[PDB]
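As a basis for the values below, the full set of heavy atoms in this structure was taken, side chains included, without hydrogen atoms, waters or symmetry mates. Residue numbering restarts at 1 for every chain, and letters A, B, ... go by the order of the sequence lines. Atoms within each ligand, like the ligands themselves, are counted from 1 in listed order.
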Amino acid sequence: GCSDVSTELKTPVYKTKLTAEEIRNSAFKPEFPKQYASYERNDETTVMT
Amino acid sequence: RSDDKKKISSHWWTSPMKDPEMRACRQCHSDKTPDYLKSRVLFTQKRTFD
Amino acid sequence: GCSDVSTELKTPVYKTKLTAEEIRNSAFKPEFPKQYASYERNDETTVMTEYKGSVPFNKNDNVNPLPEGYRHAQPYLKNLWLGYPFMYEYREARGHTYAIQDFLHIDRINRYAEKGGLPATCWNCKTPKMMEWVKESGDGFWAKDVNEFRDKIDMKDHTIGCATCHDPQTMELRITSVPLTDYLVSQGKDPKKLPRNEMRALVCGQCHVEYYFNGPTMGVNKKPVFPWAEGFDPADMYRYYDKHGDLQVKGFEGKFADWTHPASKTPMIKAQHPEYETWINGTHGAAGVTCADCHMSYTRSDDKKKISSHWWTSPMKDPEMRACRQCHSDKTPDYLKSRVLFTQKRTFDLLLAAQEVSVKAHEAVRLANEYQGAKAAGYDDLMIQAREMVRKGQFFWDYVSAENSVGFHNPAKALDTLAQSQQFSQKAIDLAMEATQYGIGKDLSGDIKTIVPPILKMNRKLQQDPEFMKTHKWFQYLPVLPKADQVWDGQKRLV
Amino acid sequence: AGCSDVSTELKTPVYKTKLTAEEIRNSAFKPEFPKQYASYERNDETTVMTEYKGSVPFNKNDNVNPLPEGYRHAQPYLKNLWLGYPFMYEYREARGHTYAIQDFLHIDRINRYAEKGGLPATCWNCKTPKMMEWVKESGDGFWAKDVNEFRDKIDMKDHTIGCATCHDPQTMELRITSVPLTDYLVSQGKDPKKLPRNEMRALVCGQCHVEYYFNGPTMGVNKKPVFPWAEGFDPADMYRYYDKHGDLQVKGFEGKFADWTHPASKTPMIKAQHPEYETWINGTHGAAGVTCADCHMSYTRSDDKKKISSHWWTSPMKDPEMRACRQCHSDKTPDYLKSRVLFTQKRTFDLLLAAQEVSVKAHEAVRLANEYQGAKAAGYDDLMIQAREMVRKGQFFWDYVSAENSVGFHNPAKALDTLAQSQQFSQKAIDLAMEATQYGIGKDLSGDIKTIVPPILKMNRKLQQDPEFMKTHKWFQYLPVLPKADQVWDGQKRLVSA
Amino acid sequence: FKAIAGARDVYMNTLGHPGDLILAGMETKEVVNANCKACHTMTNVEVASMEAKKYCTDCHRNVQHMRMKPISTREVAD
Ligand code: HEC
Ligand code: HEC
Ligand code: HEC
Ligand code: HEC
Ligand code: HEC
Ligand code: HEC
Ligand code: HEC
Ligand code: HEC
Ligand code: HEC
Ligand code: HEC
Ligand code: HEC
Ligand code: HEC
Ligand code: HEC
Ligand code: HEC
Ligand SMILES: CCCCCCCCCCCCO[C@@H]1O[C@H](CO)[C@@H](O[C@H]2O[C@H](CO)[C@@H](O)[C@H](O)[C@H]2O)[C@H](O)[C@H]1O
Ligand SMILES: [Ca+2]
Ligand SMILES: [Ca+2]
Ligand SMILES: [Ca+2]
């Protein structure tokens with residue numbers, strides 16, 4: 001029969017709305033809210049090992 | 001695996017020992033407990049600091 | 001064709017090499033090294049969360065840094081527990097591996113006499129050694145002095161451990177508690193045939209509960225009882241304590257008291273860690289979500305096979321919140337954290353405000369008790385009523401303050417209980433001013449922190465010093481204690 | 001039997017109507033959308049009650065009379081706490097959107113015994129899609145006109161809250177027609193025309209179900225509606241906003257906002273209005289992105305086998321089967337879901353009444369301290385300012401919860417926390433007023449507040465004309481006896497000539 | 001199973017009147033759950049994960065079609 005692996009693994013490609021010279025962090029937050037929300041964890045400054 | 005259960009790359013650049021379950025280490029070292037791995041880290045660091 | 005599902009899922013069945021009466025933790029380590037390794041994690045005592053954590057700081061101390069005090073502390077605890085053993089020492093709870101170590105360092109128990117002044121019931125939730133001790137002395141165990149068993153126990157091998165919850169031979173879950181078994185029987189429940197989802201909370205409900213000790217005329221002297229007959233809410237327990245007790249004081253006849261506050265002269269109830277009763281009708285409890293679900297979550301640490309976590313600690317210590325994230329797989333860990341704090345931040349602020357009005361209620365009742373001016377015609381009946389409201393006010397904020405989740409187990413019950421606590425305390429103030437025709441008003445004007453300062457330092461040793469006993473106006477309602485050397489230091493007698 | 005895979009993009013169905021760009025008549029949508037329309041017509045049901053809410057527009061202060069005049073759960077002190085404010089005349093339980101204009105034109109809050117209603121035309125803002133024509137015609141000068149100017153210039157059924165409020169009449173795409181919400185969105189740097197679908201499924205409601213105020217003459221465009229959202233959505237945030245924005249010249253309150261001065265205590269008050277949106281946004285459902293439409297516009301498969309959004313906007317509790325909820329909570333019985341709603345509601349409503357009681361007592365304490373004839377404390381003037389600040393803060397905090405329509409369910413922890421703080425503020429007002437008078441007012445504050453200051457059950461614009469009725473309660477002494485006057489307006493019908 | 005399930009699903013889509021809530025029966029709750037165990041035995045072998053909760057999805061709730069997510073992420077008008 002047919003495979004039900006309908007979703008194939010591909011290396012993500014990205015084309016954003018940002019300019020070649022964009023350097024503001026806040027500008028990236030609309031396009032990548034997951035990685036941005038991850039980046040925000042670096043604000044934690046209370047934990048020692 | 002924090003977007004449902006899909007992977008993202010962690011952009012939290014910090015000590016790997018902050019995770020009690022050492023998940024960064026436990027794919028390569030799946031045969032070792034978090035506790036074991038942590039003790040091996042400390043085995044080096046404590047002698048290094050002293 | 002065939003299945004390659006050659007390994008079939010079966011509920012694990014155990015047959016150990018242990019005797020039916022094994023209680024030493026170390027005896028289980030060879031049989032179960034994975035769960036034992038998990039259990040040893042409770043030795044971590046360095047990590048704080050926002051409101052909780054495993055550093056045993058002093059709960060009234062917001063002045064000193066860790067591990068002495070913390071930024072989130074309740075400054076008025078010694079004031080509010082004046083004349084009770086909790087005015088001596090009261091620390092943040094830490095891991096089960098420390099239960100006996102902490103028991104034996106605590107100043108609540110007298111260490112400046114042979115006798116501790118507390119019953120042997122204090123051991124009830126600290127050691128599986130409770131099974132031998134009760135077998136041996138029966139009903140007579142409870143009213144023994146706590147210090148009689150102080151040197152008859154191994155701090156480490158006999159702390160809360162495997163036999164507390166497990167049959168050593170079969171490893172099936174067990175209720176070993178006397179008072180929890182008493183409660184279950186009273187409900188027509190068989191403690192040996194409890195459904196599994198119920199067991200996964202009841203095992204914790206052996207100890208994480210509100211309790212009291214029988215007085216001499218209440219049943220077996222000093223036997224522990226859970227006051228759960230009227231229901232689980234604060235108003236229910238309050239009502240329970242109206243009906244069961246031994247007080248002879250006018251206006252309070254037959255009610256329960258743990259002590260009477262020496263400033264206000266109010267018959268008080270003490271609340272202790274009511275996690276079970278708080279949890280049971282909160283959003284998770286009522287939905288069948290259990291202590292073990294969050295606090296003993298499955299952890300894939302044996303290669304990739306699940307075991308049950310035996311590290312009983314804050315679920316917030318895992319930055320990835322893995323306990324929560326099967327049920328809440330759609331939410332990020334940090335979202336879940338922000339939602340816990342949404343509750344905790346508000347619960348904690350409200351609590352400090354409830355405790356401040358309670359101190360003022362005690363201070364208003366104190367002033368009205370010692371009033372020399374013209375009193376109302378109904379003064380006596382108004383002072384009874386004011387004391388009833390101090391008592392009820394304190395019990396309500398204490399039911400919340402004592403509970404370890406800072407409102408998360410039951411956000412609505414906690415916030416509502418504190419809102420009510422304020423009402424009762426303020427009404428004590430209103431009745432105390434009416435009783436004195438507003439004559440005490442001048443004495444109640446300031447910030448309460450100025451007219452009754454928080455008591456930061458108080459221990460059994462300092463209560464021996466006659467010049468320290470002059471440093472606060474509430475100290476005059478306490479006796480200066482006889483000069484006495486420390487008798488006990490942990491398990492050693494001192495020479 | 002079937003071949004291509006599902007698309008994951010969840011493309012919404014697309015429409016092209018025969019309606020013109022500016023069509024606002026509800027009946028014009030009926031021919032093309034009969035299922036949504038018939039569902040909309042279900043808002044006419046005005047008989048069903050729930051435990052705390054429902055559709056009978058009873059008097060919210062009346063716990064004495066039976067339905068439809070009163071109800072077992074009512075707040076007896078509302079007219080006392082809103083003394084000197086239009087809300088003291090009439091304030092009823094909200095009902096279906098289809099009655100919005102009918103109820104607007106019968107309410108005693110708007111003066112019907114003069115030409116002028118005494119309220120700005122801004123009052124039409126969340127009542128009718130006619131707002132678009134009306135603002136286009138007058139612009140900035142629309143807001144400060146008298147409300148009665150438009151009274152005869154509306155169809156009460158064709159121009160109520162309806163399709164054009166939330167939908168582009170040509171494409172039926174969700175739309176924000178609200179001026180003050182657009183002003184807020186633009187202030188946050190958002191494009192109102194390009195918002196995601198999950199945002200819009202709550203924002204269409206946030207056009208109206210919000211706390212608002214009207215500008216004073218020196219605050220910008222006069223009488224223009226503004227959402228006090230710049231400091232955040234919480235009660236403490238809005239209160240802070242109202243400390244920085246406003247126009248009072250009264251000593252101790254310079255530059256703060258006030259809706260009225262309570263004539264008994266002489267406190268400058270803020271009035272709160274139905275903040276569903278601000279309450280929902282950070283509650284357990286809203287924080288999780290569960291929108292107003294998830295529970296209030298649940299998918300229904302009534303006609304054919306085709307599902308549409310329900311457009312019966314009412315209490316979810318009316319449904320014995322709780323279907324809206326079980327689209328998510330499929331593992332819970334309807335019975336369990338209702339008990340968890342009531343877990344919150346009962347506690348919230350009981351604590352509300354207690355907060356209102358201490359609020360009444362704080363007004364009384366400040367009134368007595370104001371009229372006090374004995375020796376006053378040395379810092380009296382400063383203590384009275386503080387006391388009135390606490391009365392004002394305390395009341396805004398309970399009003400924030402009181403006015404919100406889910407009785408704590410949209411945000412349980414915010415509701416109970418806000419009510420707990422309220423009680424603290426009002427009590428501190430009482431404490432400061434006592435101090436100002438060296439406890440000389442103490443004996444006047446001794447009983448149950450219900451016998452000290454009786455609830456005011458009856459009050460309207462007709463009765464305030466009667467000088468014998470105006471001796472019927474102690475607090476009436478602080479109100480004028482209104483001139484004797486015939487009713488000018490009966491609904492839309494004019495009885496006396498201009 | 002496929003034939004019986006297909007028959008009643010065809011009937012409900014043609015001559016039946018499905019409600020606003022479509023939910024699984026006891027029959028399908030029990031077959032889905034047995035299939036969780038068929039592919040995930042090894043994760044669960046050393047643990048009593050079948051004993052407390054009746055179904056695997058009582059903990060793995062969103063495996064049941066992401067039911068806790070906002071409606072718009074799942075649903076549109078017909
Ligand atoms: C700042 C806030 C950001 C944002 C929004 C993103 N990045 Fe990074 N990133 C870095 C590395 C080494 C990787 C893995 C690359 C690889 O192995 O191919 C990434 C990955 C990403 C992604 C891809 C998706 C994913 O989660 O894998 C995206 C969308 C992304 N990032 C966005 C390295 C860095 C940095 C080095 C110090 C810094 C700074 C950032 N990234 C910052 C950001
Ligand atoms: C996460 C922070 C960790 C920790 C704590 C450790 N590892 Fe690794 N590891 C990897 C490889 C290739 C080696 C060399 C052995 C080999 O060739 O197979 C190691 C070695 C170690 C050790 C032993 C040396 C020591 O310092 O004691 C220890 C204690 C150790 N590791 C701990 C491979 C990987 C990974 C794959 C890409 C990753 C990820 C890690 N290791 C991460 C960690
Ligand atoms: C069943 C009746 C129980 C018992 C006996 C306990 N819990 Fe919980 N718990 C949960 C969360 C998110 C917290 C806050 C953690 C933090 O603030 O860092 C707690 C807290 C506790 C404590 C205090 C822990 C500490 O750090 O000292 C204790 C002693 C405790 N709980 C016992 C989460 C949950 C649940 C998830 C929904 C459930 C169910 C329970 N807890 C139930 C119980
Ligand atoms: C977004 C889709 C919504 C939702 C979910 C609700 N509304 Fe409104 N509403 C408005 C007015 C003026 C009233 C009172 C009308 C009257 O009393 O005559 C209401 C009433 C309600 C209710 C109560 C219904 C009941 O049966 O009790 C409910 C549940 C409700 N609303 C929810 C005003 C507006 C608008 C102004 C133009 C807009 C837009 C909305 N509401 C949108 C929504
Ligand atoms: C988005 C911000 C909104 C808006 C504008 C409203 N809701 Fe809800 N709502 C829900 C429940 C269980 C109740 C209680 C009903 C009852 O007790 O009978 C309510 C109540 C309301 C009202 C009052 C209804 C009335 O009878 O007048 C209004 C006007 C209202 N809501 C509007 C359920 C939910 C949700 C489910 C989780 C969500 C999300 C919302 N509501 C969000 C909103
Ligand atoms: C007047 C009675 C109408 C008519 C004829 C329609 N609407 Fe509405 N609608 C609103 C919301 C939030 C949605 C969901 C949008 C989404 O999920 O993306 C809808 C949906 C519709 C549709 C689309 C088909 C469907 O049934 O889902 C159609 C054709 C439709 N409606 C027609 C919000 C509102 C309102 C805000 C308060 C008001 C008013 C109306 N709708 C009124 C009407
Ligand atoms: C190629 C060699 C790989 C790799 C690198 C991984 N897989 Fe699989 N896998 C499958 C199933 C059903 C499970 C769950 C079993 C259970 O729940 O008991 C897994 C498990 C994993 C894991 C986690 C466990 C571990 O051993 O570390 C990992 C890291 C993993 N896989 C990666 C299903 C399949 C396949 C379908 C027939 C195939 C092919 C693979 N897996 C192959 C691989
Ligand atoms: C019924 C027998 C099942 C089946 C078939 C599975 N589970 Fe669970 N599970 C629970 C928790 C807290 C975790 C996380 C542990 C960790 O992160 O280390 C898991 C994990 C899984 C997986 C791995 C999935 C993944 O995200 O990688 C799988 C395949 C799995 N389980 C299957 C919690 C629970 C329960 C709560 C008490 C119950 C019941 C189950 N699991 C039961 C089952
Ligand atoms: C390191 C650079 C990795 C490579 C290359 C691949 N994976 Fe991975 N994987 C990695 C980590 C650090 C984790 C842990 C994620 C977490 O949140 O814990 C994973 C996880 C998985 C899983 C889930 C396994 C489990 O713990 O249950 C699977 C099924 C998985 N990875 C598969 C997988 C495949 C098929 C890969 C090739 C394309 C692959 N991984 C690459 C690290 C790394
Ligand atoms: C009596 C025998 C107990 C049983 C059964 C359970 N708990 Fe307990 N717990 C008990 C004590 C006496 C203490 C404090 C001991 C100390 O040395 O301070 C605790 C502590 C906890 C904590 C705090 C851990 C920390 O902060 O690191 C937690 C989170 C906790 N207990 C949870 C818990 C759960 C979930 C239980 C059921 C399985 C449970 N405990 C059982 C006493 C007893
Ligand atoms: C296993 C991982 C699943 C796959 C693959 C699919 N579904 Fe599912 N489905 C699953 C569960 C755990 C449940 C809930 C069962 C219970 O105990 O209640 C369901 C339920 C349904 C339903 C209706 C009920 C509902 O909750 O929505 C339908 C109509 C359904 N399932 C159909 C369906 C289809 C068409 C799938 C392929 C695209 C499919 N399911 C995949 C688990 C799993
Ligand atoms: C399944 C067994 C669960 C686990 C483990 C956790 N939660 Fe949970 N959660 C669960 C249910 C059944 C509910 C009620 C809603 C429902 O679907 O019936 C919830 C609710 C919450 C909420 C919202 C309520 C609130 O008080 O804020 C939050 C914030 C929440 N849950 C968080 C949370 C955390 C932090 C957990 C681990 C420590 C956790 N949940 C575990 C089911 C389950
Ligand atoms: C949007 C920002 C509004 C403005 C501006 C005004 N009203 Fe309103 N109204 C609005 C909502 C969301 C509701 C239902 C919620 C509720 O709690 O009532 C209402 C309700 C009414 C009613 C009927 C209920 C009642 O109070 O008796 C009337 C008569 C009414 N509104 C009139 C009115 C007046 C006089 C206004 C100016 C002072 C006014 N509204 C402004 C939304 C909004
Ligand atoms: C406070 C109660 C408690 C204590 C103390 C305790 N356990 Fe457990 N234990 C549980 C619960 C609850 C479970 C899961 C029960 C279930 O689902 O049947 C469990 C599970 C287990 C299991 C089954 C395998 C697994 O990981 O789920 C073993 C084996 C076990 N415990 C051994 C131990 C050992 C060894 C110790 C001492 C170091 C110990 N227990 C202490 C409550 C406890
Ligand atoms: C008419 C002559 C008949 C003789 C047979 C020759 C024609 C039929 C063969 C067509 C070739 C495709 O063959 C087909 O490959 C896919 C893989 O992509 C397999 O698919 C298999 O693996 C995938 C995962 O990789 C699973 O999703 C699937 O459940 C499983 O069945 C099919 O089970 C197999 O049948
Ligand atoms: Ca702790
Ligand atoms: Ca007690
Ligand atoms: Ca209503």
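- The proximity of C:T278 to ligand 3, defined as any non-hydrogen pair under 4.0 Å, does not occur for either the backbone or the side chain.
- Across every non-hydrogen atom of C:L180 and C:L202, the tightest pair is CD2-O, 3.4 Å.
- In terms of protein heavy atoms, atom 28 (C) of ligand 3 is closest to C:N404 CB, 3.8 Å.
- In this structure, C:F408 has its ring center under 6.0 Å from that of C:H284.
- Every heavy atom of C:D293 sits 4.0 Å or more from the atoms of ligand 3.
- Note on C:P227: not counted as a metal contact of the Ca ion (ligand 17), no N/O/S atom lying under 3.0 Å.
- Among protein heavy atoms, the minimum distance from atom 39 (C) of ligand 3 is reached at C:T290 O, 3.2 Å.
- If you run ring pair (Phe, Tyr, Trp, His ring centres under 6.0 Å) between C:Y241 and each of C:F256, C:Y399, C:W228, only C:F256 comes through.
- The nearest N, O or S atom of C:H295 is closer to atom 8 (Fe) of ligand 3 than 2.8 Å.
- Taking 4.0 Å as the cut-off, C:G53 counts as a neighbour of ligand 3 on heavy-atom distance.
- Residue-environment remark: NZ (B:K18) exceeds the threshold of 12 foreign heavy atoms within 6.0 Å.
- Looking at C:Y51 against ligand 3, nothing comes within 4.0 Å, counting heavy atoms.
- Within the 4.0 Å heavy-atom criterion, the part of C:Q344 lying near ligand 3 is the side chain and not the backbone.
- Not a single N/O/S atom of C:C294, whether from backbone or side chain, sits less than 2.8 Å from atom 8 (Fe) of ligand 3.
- In terms of protein heavy-atom proximity, atom 15 (C) of ligand 9 is closest to B:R1 CG, 3.7 Å.
- Salt bridge annotation for C:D182-C:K223: present, with a cationic side-chain nitrogen under 4.0 angstrom from a carboxylate oxygen.
- Ligand 9 has no N or O atom lying under 3.5 Å from any N or O atom of C:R322, backbone or side chain.
- By the criterion of a heavy-atom distance under 4.0 Å, the side chain of B:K7, and not its backbone, is placed next to ligand 9.
- Neither the backbone nor the side chain of C:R94 has a heavy atom within less than 4.0 Å of ligand 3.
- Remark: aromatic rings of C:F213 and C:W142 are distant, center separation not under 6.0 Å.
- At least one N or O atom of C:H409 sits closer than 3.5 Å to an N or O atom of ligand 3.
- For C:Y212, every N, O or S atom stays at 3.0 Å or more from the Ca ion (ligand 17).
- When only non-hydrogen protein atoms are considered, atom 25 (C) of ligand 9 lies nearest to C:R300 NH2, 3.3 Å.
- Contacts between C:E320 and ligand 9 below 4.0 angstrom, taking non-hydrogen atoms only, are absent altogether.
- Remark: ligand 3 and C:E92 share an N or O pair separated by less than 3.5 Å (distance only, no angle test).
- Here the shortest heavy-atom distance to atom 5 (C) of ligand 3, taken over C:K317, C:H208, C:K337, belongs to C:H208.
- When heavy-atom distances to ligand 3 are checked against a 4.0 Å cut-off, C:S314 comes that close through both its backbone and its side chain.
- In terms of protein heavy atoms, atom 2 (C) of ligand 3 is closest to C:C291 SG, 2.7 Å.
- For atom 13 (C) of ligand 9, the closest non-hydrogen atom of the protein is B:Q27 CG, 3.5 Å.
- Between B:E21 and B:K38 no salt bridge is recorded (no basic side-chain N to carboxylate O distance below 4.0 Å).
- Within the 4.0 Å heavy-atom criterion, the part of C:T49 lying near ligand 3 is the side chain and not the backbone.
- At least one N/O/S atom of C:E210, whether from backbone or side chain, sits less than 3.0 Å from the Ca ion (ligand 17).
- C:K304 counts as a contact of ligand 9, since one of its heavy atoms falls under 4.0 Å from the ligand.
- Sorted by first and then second residue, the salt bridge (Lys or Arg N to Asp or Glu O under 4.0 Å) pairs with a member in residues 231-241 of chain C read C:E230-C:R239, C:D233-C:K413, C:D233-D:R347, C:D236-C:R239; sequence neighbours excluded.
- Between C:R91 and C:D102, no side-chain nitrogen of the basic residue sits less than 4.0 Å from a carboxylate oxygen of the acidic one, so the salt-bridge criterion is not met.
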